[PDB]
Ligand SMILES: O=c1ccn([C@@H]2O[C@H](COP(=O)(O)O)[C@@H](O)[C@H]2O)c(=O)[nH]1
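Single chain ahead, written as structure tokens, the form deposited without the ligand.
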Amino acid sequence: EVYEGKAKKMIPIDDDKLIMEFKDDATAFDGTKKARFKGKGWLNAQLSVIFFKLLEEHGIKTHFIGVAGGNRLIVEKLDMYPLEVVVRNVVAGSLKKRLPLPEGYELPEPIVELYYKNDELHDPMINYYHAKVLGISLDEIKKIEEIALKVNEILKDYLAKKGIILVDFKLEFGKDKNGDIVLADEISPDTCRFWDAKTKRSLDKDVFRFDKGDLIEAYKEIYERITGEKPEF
């Protein structure tokens, strides 16, 4: 059986591999807002590949194995932590409701937030003690955050050289058969906030969230600035 999530489908290959297929569907505000954008899947697939390859070069262990053409990646099957790990460099989104700081406030150092993946409870934020009750040891949490913080440096530096501010982003992790902590899911304009360095405008899912313009146009601009090429689809 294939798992069909809000944005991607996961097709089993064997015991240790999956196909991650990116859909054109977009959801927001915990699923209340919905639309489909032709080519969104392709862009998010291609961009994930570029980011995973960049991170692998820097010695980040990711689930990325290869491409299966189109909107499909081949990825290592992992035993997933029930976490969303959010790294924040610039104040935006939900952080404005947690710290009395304005949108665009540049953080002196990165913030890491842990969210417990649980639909029933609406993905509440947790700390290290909650994580322990969930079966995640302090060492594991520490290794996870150390990876997220390294990922942050690499992506923000890379993107800055392209005139893009990495505002924040969301990661997921799992364990491989050796018990190593492996970066999973996706890295795309769906799961990151990207702002133009010159204009400060959103080139990410916030365009869809708040009707700030044309989503495909914004995701394309990201692809074009990153690759140097115009997207083929």
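Residue numbers here begin at 1 and follow the sequence given.
Below, we refer to the form deposited with the ligand bound, which is not included among the displayed structures.
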Should the pocket be classed as open or blocked once the ligand, positioned as in the deposited bound form, is overlaid via C-alpha superposition of the site (3 or more ligand atoms within 2.4 Å of backbone or C-beta atoms defines blocked)?
open
Tell me, which of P110, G104, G93, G163 has a heavy atom within 4.5 angstroms of the ligand in the deposited bound form?
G93
Just to confirm, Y158 within 4.5 Å of the ligand in the deposited bound form by heavy atoms?
no
At the 4.5 Å heavy atom threshold, is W195 in contact with the ligand in the deposited bound form?
no
Interface membership of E140, the ligand in the deposited bound form, 4.5 Å heavy atom rule:
no
Report yes if any heavy atom of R88 sits within 4.5 Å of a heavy atom of the ligand in the deposited bound form; otherwise report no.
yes
Which residues in 188-220 have a heavy atom within 4.5 Å of the ligand in the deposited bound form?
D190, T191, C192, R193, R209
